[PDB]
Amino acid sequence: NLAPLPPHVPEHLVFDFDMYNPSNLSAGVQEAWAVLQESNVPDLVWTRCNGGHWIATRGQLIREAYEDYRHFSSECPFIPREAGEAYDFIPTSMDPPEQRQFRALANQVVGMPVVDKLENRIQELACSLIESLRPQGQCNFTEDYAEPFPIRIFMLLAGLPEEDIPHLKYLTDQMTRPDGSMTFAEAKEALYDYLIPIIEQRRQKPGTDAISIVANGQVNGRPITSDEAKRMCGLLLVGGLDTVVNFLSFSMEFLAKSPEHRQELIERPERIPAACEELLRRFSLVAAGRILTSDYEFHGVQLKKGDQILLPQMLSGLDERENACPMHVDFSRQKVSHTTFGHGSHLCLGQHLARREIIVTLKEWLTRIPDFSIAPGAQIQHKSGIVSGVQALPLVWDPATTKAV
């Protein structure tokens, strides 16, 4: 369970936080992680859980370390070590300088130009899914919307059949919130087993889908290899199937529990983009990290080459030193500070797609189902990992209070 303490780590920095099962999980996952920001907890701690690793607990350190790729490398970006070692996606397992040439290609398939004209289809799917639920007066939000909306958009973009979703979603989840049945390496290899033949098919016969574009792409003017294409497409699948999917459920759970915030967005719909940003701060959900490239003293702590450091994207915006009353949701917050989409050279490329999906969801849901609540007697359970989420979100409403557009 707890790994032996390395010789260079002092006892007074030991805080045995378990990122895959944090002790305060029942309070909400963000709340469970925020225990690391109680006043008695140092800026940088060592946990003996999950093989042993550092955790930066404050936005200042998280930001600094994400900027300093020379000391803090993306070569091994996940805890536990076996996962970070097996992780070879592109561009996320690379540091500058080599990383950068791959970002332009990834931008061609998930960047703003692609969003801007997926626009209509995103809007259409949100409206159709929500209208189908509306007269029922209930739904299981995770399965009925949070999954199918972003995942079907991604499968469309990638030119992949919707009947492949259960398999691909299972595999993706083993990389972020493993159930124990597969190691990271096994889940990754299964994803590659799916992708390799499709990549060769689309290098032989190119389409207009994201996989064809990556597979036939150029990287700073030279052809991408089949291997590189596979390593990029693996990442695109995880972003498509396990990011927005979880975030929408945190947001909708909050709106179900806060009628005042629902009413604010109904009355002042122009605030929806700002609300999206504030929700991205409050219900931030990613916790990746880096590996030390050399011995390095950082904020008075001796780190050794090979040490892993968890740098939770989630924590920066929850830090009271970045945002006053950080657990409070304020759509009028003037400077919404967060690192929800990362920081430094690996800033999320999917963020424009994510914001569109969020904003469309908020607008189109509140237009049709302005009044809803958590199902009677339900206690909402979160789950923690590289990406955190919501296990189930049963919602109810009176259909008489809804509106078919």
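Numbering starts at 1 and follows the sequence shown.
Asker: Decide which of the stretches 263-271 and 148-156 has the higher mean C-alpha B-factor, going by the entry.
Answerer: Result of the comparison: 263-271.
Asker: Going by the B-factors listed in the PDB entry, is the mean over the C-alpha atoms higher for 31-39 or for 352-360?
Answerer: Result of the comparison: 31-39.
Asker: Looking at 293, 201, 308, 176, which has the highest Cα B-factor in the entry?
Answerer: Out of 293, 201, 308, 176, the record gives the largest C-alpha B-factor to 201.
Asker: Among 56, 347, 378, 369, where is the Cα B factor highest in this entry?
Answerer: Of the options given, 378 has the highest CA B-factor in the PDB entry.
Asker: Based on the entry's values, in what third of the chain does the Cα temperature factor of residue 214 lie: lowest, middle or highest?
Answerer: Residue 214: CA B-factor falls in the middle third of its chain.
Asker: For residue 298, return the chain-relative third of its C-alpha B-factor as stated in the PDB record: lowest, middle or highest.
Answerer: Highest third, going by the recorded CA B-factors of the chain.
Asker: Compare the C-alpha B factor of residue 194 with those of the other modelled residues in its chain, then answer lowest, middle or highest third.
Answerer: Answer is middle: the recorded C-alpha B-factor places it there.
Asker: Among the chain's modelled residues, which third holds the C-alpha B-factor of residue 340?
Answerer: For residue 340, whose C-alpha B-factor we compare with every modelled residue in the chain, the answer is the lowest third.
Asker: Residue 140's Cα B-factor: lowest, middle or highest third of the chain?
Answerer: It falls in the middle third of the chain.
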